[PDB]
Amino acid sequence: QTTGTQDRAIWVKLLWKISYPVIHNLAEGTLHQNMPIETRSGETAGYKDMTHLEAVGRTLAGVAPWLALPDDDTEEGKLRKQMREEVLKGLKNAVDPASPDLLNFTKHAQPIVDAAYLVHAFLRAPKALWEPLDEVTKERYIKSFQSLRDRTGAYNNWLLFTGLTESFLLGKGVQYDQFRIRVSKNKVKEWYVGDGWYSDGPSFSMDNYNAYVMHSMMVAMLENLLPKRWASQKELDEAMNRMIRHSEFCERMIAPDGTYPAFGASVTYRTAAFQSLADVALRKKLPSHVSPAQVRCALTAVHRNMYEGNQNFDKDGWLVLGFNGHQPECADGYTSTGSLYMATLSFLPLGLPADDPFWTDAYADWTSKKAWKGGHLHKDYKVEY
């Protein structure tokens, strides 16, 4: 039905619908005032100290590739530029000690996680979202990222979060902790179990956290370590090839009706279950059996199944606790309204230009859709790397 160009307009519309309340309010210093703090228990204490950074860091981590595109004068180009300026205005506010939207980095341990997503935003759009900020704003982000070191010894997983962050400071040529990078890189490698899956900690689990955290961030950390001879091209390649393998499962779990199963912890992160697939696509490294077009069509179906209606939004435009609908019963205890903005992490292909094959090739059936209609189903097999 819809074309690649129409698909892009859909993604733009849905990505705007998710991310704009976060970005715009931060730009107006009203994010604390206007964003709900919805929790399963209903308690806001504790949550209120951490939830805004989660919203900013997760929102920008997903919109960043789109905003890294060169400006132009298309109807989309206007939107990209309007969004980017509001983002930069927001980031100055988030570290301005005088702004009512100043973001917490010191109370609680949770800031470790979401500074990593804010760093991923920067690593995905450095020329668009980091460099234009003024030097005092840059310094505050440098100091805020460094201040996280008094809590990083905490949760076993969360190791990679602070590795990503320290490798960000290494790549910005300021003080960084070699130890936290060596430990986290080496532990993520040890946590590989096979066939494109790590464990997020000592015990393996079948959940979406390989796409939520592990694959995208390990590659991004290793890329930072490479130029300084801290990681080798061989272990960058090994992590990259493992993300490419993990994406095959993610593409294959999209059903013919454009749904995907709800399993494991934090199903409230919705389409961030596909960040592995989305990152691989943005890097033009999709597996050989998978055409870009079928990734665009599958994720377009998932996107409109989950964000075109308002089942996942409240009366003022914010994401509500749930999976597809208002389902607070499925939210983990650490989840609040801010954490839900993991939703953006499937929209990374927007960082491909509008003239990329991914957005221009004719519609294509994705794997499961071919499988169930008697079409060409490729053989799949475990990999040993």
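The first residue of the shown sequence is 1; numbering continues from there.
Q: So 107 to 115 or 147 to 155, which one's hotter by mean CA B-factor in the entry?
A: Result: 147 to 155.
Q: Would you tell me which stretch averages the higher CA B-factor in the PDB entry, 250 to 258 or 75 to 83?
A: The stretch with the larger mean CA B-factor is 75 to 83.
Q: Compare the CA B factors listed in the entry for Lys284, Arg245, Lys172, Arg270 and report the winner.
A: Spelled out: the listed residue with the top C-alpha B-factor is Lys172.
Q: Which of these has the highest Cα B-factor in the record: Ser266, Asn93, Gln311, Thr165?
A: Checking the PDB record, the top C-alpha B-factor among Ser266, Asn93, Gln311, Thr165 is at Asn93.
Q: Among the modelled residues of its chain, does the C-alpha B-factor of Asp355 lie in the lowest, middle or highest third?
A: Ranked within chain, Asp355 CA B lands in the highest tercile.
Q: Just say lowest, middle or highest third for the CA B-factor of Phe161 relative to the other modelled residues in its chain.
A: Its C-alpha B-factor, which the entry lists for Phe161, ranks in the lowest third among residues of this chain.
Q: Ranking every modelled residue in this chain by its Cα temperature factor as given in the entry, which third contains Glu54?
A: Lowest third.
Q: Name the third of the chain's ranked CA B-factors that contains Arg40, choosing lowest, middle or highest.
A: Its C-alpha B-factor belongs to the lowest third of this chain's values.
Q: Rank-wise, by C-alpha B-factor, drop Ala231 into the lowest, middle or highest third of its chain.
A: According to the entry, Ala231 has a C-alpha B-factor in the chain's highest third.
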